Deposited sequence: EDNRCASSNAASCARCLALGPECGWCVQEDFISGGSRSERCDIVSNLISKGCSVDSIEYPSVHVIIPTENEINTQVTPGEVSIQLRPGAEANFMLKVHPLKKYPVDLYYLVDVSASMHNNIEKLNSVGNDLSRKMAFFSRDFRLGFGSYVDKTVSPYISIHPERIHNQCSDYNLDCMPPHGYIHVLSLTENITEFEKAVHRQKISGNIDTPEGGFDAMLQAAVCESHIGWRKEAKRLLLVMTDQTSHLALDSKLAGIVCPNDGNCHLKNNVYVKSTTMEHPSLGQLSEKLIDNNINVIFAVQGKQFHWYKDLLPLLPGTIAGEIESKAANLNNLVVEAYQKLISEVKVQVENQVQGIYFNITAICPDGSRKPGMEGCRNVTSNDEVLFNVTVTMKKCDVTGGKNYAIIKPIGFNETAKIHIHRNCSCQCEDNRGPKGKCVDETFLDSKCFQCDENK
């Protein structure tokens, strides 16, 4: 009904006040600053993958700087919770390995790219027992720890998780005697996940919430058959995509760009919080889908709006977020 002034939001209108059908215009800009964070499983099975990515990011920055005005790059490693039965707890325990660890943020986002190469080759490999690796804790930490990693409030915040096997689940922790659910807040003292042995892995609900709130788009880069695993989870984490690292590997740069042009090629909406809302799609081409399923292939230029029908039954403010975006529309008998 009433539309706020001075816009200054990419979703139009930016604020509305209805008291009980209107259309809101989302429109992605072409040149987006980009924040790429490589979060990588450094278990044994990844020895080939680490060796590969020693000097490949240096090349990708070419394509990305061509895709994005600004481009910054960060790096962090993870393995598993450092507690039995996830690791062997013998005071010893065959080739050059580093000790296991929950998660270490090693390099904050920076434009100077050679720093990334120097950091990755300096990286070594650990090892544990159970095949799945506790990746979700690292994901949550890289998500909420905004200041430490250095996510820019303007850039498309891409978290590339690189692994080869399935990730651990929250209730898995119970085996280790860890039964205190994840609290979802940053717990890095010296760039080390100090709560790896005290809190459970984050559940998909907590992780989705933390990604959407911090506006992080996840890219699952995996190798083995477990790609399908991370693929079948995509419907549960909106604004996330998966890419298969093919056997020989080295498709990392091309994979992440193919994944990048797919979120610029999609604008999907999600509302948070007694009232029902009904959504219809308005893509460049004539297509009419429910809001939860946002248009795809969307050219960066073309406008894209959604209808909202508000019908209150019982006599606060709701928020309508286009996933992947940082600007939003707040809406207020």
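Gaps between the deposited sequence and the modelled structure occur at positions 1 to 65, 86 to 91, 165 to 172, 353 to 355, 398 to 403, 421 to 424, 426 to 456.
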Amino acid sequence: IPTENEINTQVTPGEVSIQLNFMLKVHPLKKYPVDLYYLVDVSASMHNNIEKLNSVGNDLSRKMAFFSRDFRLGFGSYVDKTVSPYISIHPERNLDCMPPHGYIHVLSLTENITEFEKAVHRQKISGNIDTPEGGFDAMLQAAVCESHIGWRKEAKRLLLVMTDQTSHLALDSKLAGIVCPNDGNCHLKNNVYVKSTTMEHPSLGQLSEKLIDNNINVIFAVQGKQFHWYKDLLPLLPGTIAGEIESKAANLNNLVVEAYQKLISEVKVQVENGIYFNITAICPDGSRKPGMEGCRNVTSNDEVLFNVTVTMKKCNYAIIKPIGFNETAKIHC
From here on, numbers count along this sequence of modelled residues.
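If you average the C-alpha B-factors over 192 to 200 and over 110 to 118, the higher value belongs to 110 to 118. As listed in the deposited structure, the average C-alpha B-factor of 297 to 305 and of 32 to 40 is greater for 297 to 305. Within the selection 76, 243, 91, 235, the deposited Cα B-factor values reach their highest point at 91. Between the residues 96, 80, 209, 146, it is 96 that shows the highest Cα B-factor in the PDB record.
When all modelled residues of the chain are sorted by CA temperature factor, residue 251 is found within the highest third.
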